[PDB]
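Observations on the model geometry
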Amino acid sequence: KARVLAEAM
Amino acid sequence: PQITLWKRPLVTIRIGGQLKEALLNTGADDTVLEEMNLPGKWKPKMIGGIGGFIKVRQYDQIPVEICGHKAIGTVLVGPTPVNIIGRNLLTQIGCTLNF
Amino acid sequence: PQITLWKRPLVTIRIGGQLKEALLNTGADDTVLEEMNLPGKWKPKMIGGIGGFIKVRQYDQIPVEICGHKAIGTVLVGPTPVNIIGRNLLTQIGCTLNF
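Residues numbered from 1 in each chain as written, not as in the entry; some residues may be left out. Chains lettered and ligands numbered in written order. Heavy atoms only, no water. Residues with missing side-chain atoms left out of burial classes, pairs and counts.

Its PDB record attributes the structure to X-ray crystallography, giving the resolution as 2.00 Å.

So this is what it looks like as structure tokens:
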């Protein structure tokens, strides 16, 4: 499964 | 170009005559764009991230222009909080991480 | 070094006498590591991505050696799918995107 790890607090 | 990371690496991309702002994301395997109507057939897919999974629409062979650089590949469309350019497209424009 | 993106950009990091594998992620503002114990006082924080928000523990001023380069900054710990090194530490080791 693919991962799109955008992240912000 | 050389892009520093003091701020989010947002760039301009062109697709279907529409110019949008997208995040250069080395942490994304695929490219995910905010809801938009692309012509052609597509298939349902689930992609995961930090807070779980979301359902998206997968379109193939979509021409995309990233900062003057031309690329062609898969594009996923779904409810993403931000437009994301993934490794599938970044590799096509010879993008690397350097330190 | 120069890292291409045909494969996930995973590197070995050293933190608290422990070796772990992490992904250099230009799409993340912060650095988030899977559950683990670290010294000092930590405070609850919430972060979001695709899929939603999750709760994490924040540890400040933590020494992290990334592929040989030293950094000292904030490290979040929680249920992240993969260990990720975000922009807060990428900037400290002078990492940039190039194409």
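This part covers empty space enclosed by the protein. Where empty space is left can be seen by rolling a probe of water-molecule size over the atoms. Residue and element names in this part refer to chain C. Quantified by volume, the largest cavity comes out at close to 50 Å³. For the largest cavity, the full set of lining residues is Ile-13, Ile-15, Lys-20, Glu-21, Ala-22, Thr-31, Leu-33, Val-64, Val-75, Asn-83, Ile-85 and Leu-89. Sorting the residues of the lining of the largest cavity by element identifies strand 2 (10–15) and strand 3 (18–24) as the ones contributing at least two each. Broken down by element, the residue count for the lining of the largest cavity peaks at 3 residues, all from strand 3. Here the lining of the largest cavity is composed, by residue class, of 8 nonpolar, 2 polar and 2 charged. (1 Å grid on protein atoms, 1.4 Å probe; cavity = no way out; pocket = protein on both sides within 12 Å on 5 of 7 lines; lining within 4 Å. Points joined across faces, edges and corners; volume = space filled by probe spheres on them. Helix = DSSP H or I, 4+ residues; strand = E, 2+ residues; numbered from the N terminus. Nonpolar A, V, L, I, M, F, W, Y, C, P; charged D, E, K, R; others polar.)

Note on the copies: chain C fits chain B at an RMSD of 0.3 Å, the axial shift is 0.0 Å, and the rotation between them is 179°. What we have between these two chains is a two-fold relation. (Least-squares fit on C-alpha atoms.)

Turning next to the interface of chain A and chain C. Taken residue by residue, the interface counts 8 residues in chain A and 17 residues in chain C. Along the lines of polarity and charge, the residues of the side of chain A that touches chain C split into 5 nonpolar, no polar and 3 charged. (Contact = heavy atoms within 4.5 Å.)

The interface of chain C with chain B comprises 39 residues on the first partner and 37 residues on the second. The class makeup of the residues in the side of chain C that touches chain B is 20 nonpolar, 15 polar and 4 charged. Alignment of strand 9 (residues 96–98) of chain B against strand 9 (residues 96–98) of chain C, held across 3 bridges, turns out to be antiparallel. The partner of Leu-97 of chain B across the bridge, within strand 9 of chain C, is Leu-97 of chain C. (Pairing = 2+ DSSP bridges.)

Taken in spatial order, the 4 strands of this open sheet run 1(B)-9(C)-9(B)-1(C), and their pairing is antiparallel. Both edges of this open sheet fall to strand 1 (2–3) of chain B together with strand 1 (2–4) of chain C, since each of them pairs with a single strand only.

A few words on the layout of surface pockets. Considered as a void within the structure, the largest pocket measures approximately 220 Å³ in volume. Lining the largest pocket are 13 residues, and of these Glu-7 and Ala-8 of chain A together with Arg-8, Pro-81 and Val-82 of chain B lie nearest its centre. For the lining of the largest pocket, the class distribution of residues is 7 nonpolar, 3 polar and 3 charged.

For the rest of this paragraph, the subject is the packing of aromatic side chains. Any pair of aromatic rings gets described here by the distance separating the centres and the angle formed by the planes. Tallying each qualifying case throughout the model produces 0 aromatic pairs over all chains. Here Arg-57 of chain B stacks its cationic end above the ring of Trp-42 of chain B, 5.8 Å away from the centre of that ring. (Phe/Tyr/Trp six-rings, centres within 6.5 Å; stacked < 30°, edge-to-face > 60°. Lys NZ or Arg CZ within 6 Å of the ring centre and 35° of its normal.)

This next bit is on the environment of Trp-6 of chain B. Position of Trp-6 of chain B relative to the elements: it lies in the loop between strand 1 and strand 2 (10–15). Once the C-alpha coordinates of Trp-6 of chain B and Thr-96 of chain B are considered, the two residues, 90 residues apart in sequence, prove to be 17 Å apart. Dropping the residues within four chain positions of it, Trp-6 of chain B is found in contact with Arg-87 and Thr-91 of chain C.

What follows concerns the nonpolar core. Core analysis: the largest hydrophobic core is formed by 48 residues, its most contacted members being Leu-24 and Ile-66 of chain C. If near-sequence neighbours (up to four positions away) are discounted, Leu-24 of chain C is found in contact with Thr-26, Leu-97 and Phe-99 of chain B together with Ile-3, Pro-9, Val-11, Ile-66, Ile-85 and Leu-90 of chain C. (Core = buried A, V, L, I, M, F, W, Y, C linked by side-chain atoms within 4.5 Å. Buried < 20%, exposed > 50% of the residue type's maximum accessible area, 1.4 Å probe, protein only.)

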